[PDB]
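Here's the structure, in structure tokens; my notes come after.
Rule-based calculations on the coordinates, nothing more; no lab input. Note that each Cβ is placed from the backbone with ideal geometry, even for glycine, and that neighbours are counted across all protein chains shown.
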2 protein chains.
Amino acid sequence: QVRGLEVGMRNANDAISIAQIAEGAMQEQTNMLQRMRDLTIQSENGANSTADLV
Amino acid sequence: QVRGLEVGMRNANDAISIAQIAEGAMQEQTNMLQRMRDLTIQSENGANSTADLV
């Protein structure tokens, strides 16, 4: 039990790190998606032109 | 919402400018139309001649 738990402790510290990395990457995807929302709102002017939308 | 409104604010400032330019141009069309009214009234003298009306 004593040695079994010690390996089990390191087993869970590994799972924490995996969840930590995935969470960090999704934060950057959220910021870029917010910028796409602004461009879609900005792309709705009636003073733009065909070349401006491109 | 915060970033959405900020783009929306600039979206409406653009509409104000378009309405501002169109309004300015119609003012000058109004002044020239008034001068045409005076010429039509002036063109109704019985002391004019065929060459004067031209």
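Before moving on, here are some points about what is shown:
- For the residues B:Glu6, B:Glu44, B:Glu23, B:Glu28, the requirement of being free of Cβ contacts under 8 Å to residues at least 40 places away in the same chain and not in a helix (DSSP H, G or I) singles out B:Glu44.
- Subset of the range B:14-54 (residues that are surrounded by 10 or more Cβ atoms within 10 Å (Cβ to Cβ), closer than 30 Å to A:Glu44 by Cβ and more than 14 Å from every other protein chain (Cβ to nearest Cβ)): none
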